[PDB]
Amino acid sequence: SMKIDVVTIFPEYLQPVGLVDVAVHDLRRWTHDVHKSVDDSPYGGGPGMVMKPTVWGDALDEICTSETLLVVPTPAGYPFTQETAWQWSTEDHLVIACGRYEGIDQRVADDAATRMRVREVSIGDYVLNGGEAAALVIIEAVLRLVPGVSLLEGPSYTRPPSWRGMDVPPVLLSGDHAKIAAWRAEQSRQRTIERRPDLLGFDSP
Amino acid sequence: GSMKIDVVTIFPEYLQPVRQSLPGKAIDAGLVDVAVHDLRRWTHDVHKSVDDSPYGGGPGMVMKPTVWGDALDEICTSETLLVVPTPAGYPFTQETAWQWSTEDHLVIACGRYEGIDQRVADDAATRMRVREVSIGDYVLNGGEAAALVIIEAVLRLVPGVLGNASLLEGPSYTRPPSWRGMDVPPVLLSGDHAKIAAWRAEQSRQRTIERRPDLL
Ligand SMILES: CN1CCCC[C@@H]1Cn1ccc2ccc(-c3n[nH]c(N)c3C#N)cc21
Ligand SMILES: CN1CCCC[C@@H]1Cn1ccc2ccc(-c3n[nH]c(N)c3C#N)cc21
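Residues numbered from 1 in each chain as written, not as in the entry; some residues may be left out. Chains lettered and ligands numbered in written order. Heavy atoms only, no water. Residues with missing side-chain atoms left out of burial classes, pairs and counts.

Structure determination for the deposited model, as stated in its record, used X-ray crystallography, and the stated resolution is 1.520 Å.

Encoded structure:
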């Protein structure tokens, strides 16, 4: 049983989402001024804008409890991996705070950490415009692990056994479980060495 | 630059996010076009079958090569960069996003279930460039979320699409100067911009050591 709340200034972007419920909240609901302003220029200089702590604080005050796991996507986060997804799969309540612009004032996470568990994480080594796509990835990876819901995968094949003059590897038609398991292990080894040598403790290309 | 992206998926509704996030100015200027295609348009049968049992046995289903082959035959040309998300892919990184941002035509083939029969990519690779990539070390249900990430990372690097007409980033702060007992680091308000840059560099150094020692 899991509840997921996502907070964002682009609730429309979260559209791609019994044991689990997902709710999406417009951060601007917690603004007061007429312009509904969520950002301001950075202290210390630099390009762009920073999301104000005040609006975030009010939103999280309402949505979070001390049991909440607050997830904050950021390119400067700890890596979000399958291990993380397993860890989070047994949580009762995830709140995902999606930033935009240059990000969220650091005091939002620091304040939250005084009363709940906070996790700043990155889904990969590339740059996005905001946390929303990361939220979608995290939700998908976690929800498929919720109770009641090493080597790279090798290639898969289905019918027909010959297509455009390309044959399904004959071993896969042999019915020999041991030979098939061995061939699959070898394809996975080839793939992992070639594409992800770091997974086997080798230098990255 | 002008980029066309075609996405093929059995869940086209999953991609409408991307089409919405695109600035009208970039579309009107013909800088970008994203089109999403339902794979079932290319099925052969009244049951609109896209999957079948795996040769060699095992769990799950495999997407059919004949359906995918027809879809890609129609959509791709010799100039296409065919992107195939897969957890067994080469890592998709910012370097990748930069490389792909100058392409004229990306086609993203989104799999589901166990993935796509390998002959689809292998056949495509004999007449176009094919890239099997993964967006990270976690398992998804299919390629659609990966497509969203790749599209966003690539398009924001295409001149015009964003507009205006190594180390980890450190913390950022804005008003108010004090909030819930927490003060913005005073150095940031000091007007000593050389010292501010050094402070930021050290914050970045510390964060990289703590969160991403692999980058060092
Ligand atoms: C661009 N713009 C200036 C520099 C830094 C980032 C900023 C955009 N931005 C704002 C909030 C926010 C949250 C997550 C991500 C994100 N990018 N890449 C990942 N793997 C991410 C995660 N997880 C990016 C975000
Ligand atoms: C689960 N199910 C059985 C095992 C293998 C994967 C499969 C699901 N699935 C089918 C097509 C497909 C494409 C990409 C991804 C994907 N997962 N994680 C990434 N970083 C990905 C990328 N990029 C998963 C996909």
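Chemist: I'd like a description of the site of ligand 1, backed by residues and values.
Modeler: In the vicinity of ligand 1, 19 residues are found, and the nearest of them are A:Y101, A:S122, A:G124, A:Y126 and A:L128. One finds residues of chains A and B in close proximity to ligand 1. Taking A:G124, its main chain carries an N or O atom lying 2.9 Å from a nitrogen atom of ligand 1. In the complex, 88% of the free accessible area of ligand 1, which totals 530 Å², lies under the protein chains. (Near = heavy atom within 4 Å. Polar contact = N/O pair within 3.5 Å; in protein donor to acceptor, adjacent residues only side chain to side chain. Areas by Shrake-Rupley, 256 points an atom, 1.4 Å probe, with all protein chains shown as cover.)

Chemist: Which residues make up the interface of chain A and chain B, and what values do they have?
Modeler: Of the residues lining the interface, 72 residues belong to chain A; the matching set on chain B comes to 74 residues. When residues of the side of chain A that touches chain B are traced back to their parent elements, those giving at least two are β4 (50–51), α1 (53–63), β5 (69–79), α3 (106–112), α4 (132–143), β8 (162–163), β9 (166–167) and α5 (177–195) of chain A. Its residues placed into classes, the side of chain A that touches chain B shows 34 nonpolar, 15 polar and 23 charged. (Contact = heavy atoms within 4.5 Å. Helix = DSSP H or I, 4+ residues; strand = E, 2+ residues; numbered from the N terminus. Nonpolar A, V, L, I, M, F, W, Y, C, P; charged D, E, K, R; others polar.)

Chemist: Can you break down the domain arrangement of chain B residue by residue, with the values?
Modeler: What the domain assignment lists for chain B is domain 1 (1–163) and domain 2 (164–216). One C-alpha centre belongs to domain 1 of chain B, the other to domain 2 of chain B, and the line joining them spans 37 Å. (Domains from an automatic or database assignment.)

Chemist: With reference to specific residues and values, describe the sheet that holds β5(A).
Modeler: The strand order across the open sheet formed by five strands is β2-β1-β6-β5-β7 (chain A), and the pairing between neighbours is parallel. Across the chains shown, the open sheet's two edge strands, defined by having one partner strand only, are β2 (20–26) and β7 (117–122) of chain A. Looking at each pair of strands side by side, their axes are set apart by 25° on average, direction ignored. Sheet analysis places β5(A) next to β7(A), joined by seven bridges and oriented parallel. Along β7(A), the bridge assignment pairs A:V72 with A:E120. The strands touched by α1(A) within the sheet are β1 (2–8), β2, β5 and β6 (93–97) of chain A, with β6(A) carrying the most contacts at an inclination of about 165°. Where helix α7 (residues 193–211) of chain B meets the sheet, it contacts β5 and β7 of chain A, and its direction lies at approximately 110° from that of β5(A). (Pairing = 2+ DSSP bridges. Axes fitted to C-alpha atoms, helices over the stretch in contact; angles between N-to-C directions.)

Chemist: Give me the lowdown on the UniProt feature "binding site: S-adenosyl-L-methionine" (unreviewed entry) in chain A, citing residues and values where you can.
Modeler: Taken from the UniProt record, the annotation "binding site: S-adenosyl-L-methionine" (unreviewed entry) applies to A:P73, A:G99, A:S122, A:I123, A:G124, A:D125, A:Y126, A:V127 and A:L128. Considering the arrangement of structural elements, one finds A:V127 in the loop between β7 and α4. With sequence-adjacent residues up to four places away left out, A:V127 is seen in contact with B:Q94, B:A153 and B:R156. Its place among the elements puts A:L128 in the loop between β7 and α4. The contacts of A:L128, once residues within four sequence positions are left out, are A:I123, A:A133, A:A134, B:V149, B:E152, B:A153 and B:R156. (UniProt positions renumbered as here; feature names shortened; annotations may be inferred.)

Chemist: Tell me about the packing of aromatic side chains, and please be specific about residues and values.
Modeler: Under the counting rule described, the total for this entry stands at five aromatic pairs over all chains. Measuring from centroid to centroid gives 4.6 Å for A:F10 and A:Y13, while their planes differ by 10°, and the two rings are stacked. For A:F10, a relative accessible area of 29% gives the class partly exposed. Residue classification places A:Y13 among the buried residues on the basis of a relative accessible area of 17%. Centroid distance B:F92 to B:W100: 5.6 Å. Interplanar angle 45°. Geometry classified as tilted. When its relative accessible area of 2% is taken as the criterion, B:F92 is described as buried. A relative accessible area of 5% means that B:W100 is categorised as buried. (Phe/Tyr/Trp six-rings, centres within 6.5 Å; stacked < 30°, edge-to-face > 60°. Buried < 20%, exposed > 50% of the residue type's maximum accessible area, 1.4 Å probe, protein only.)

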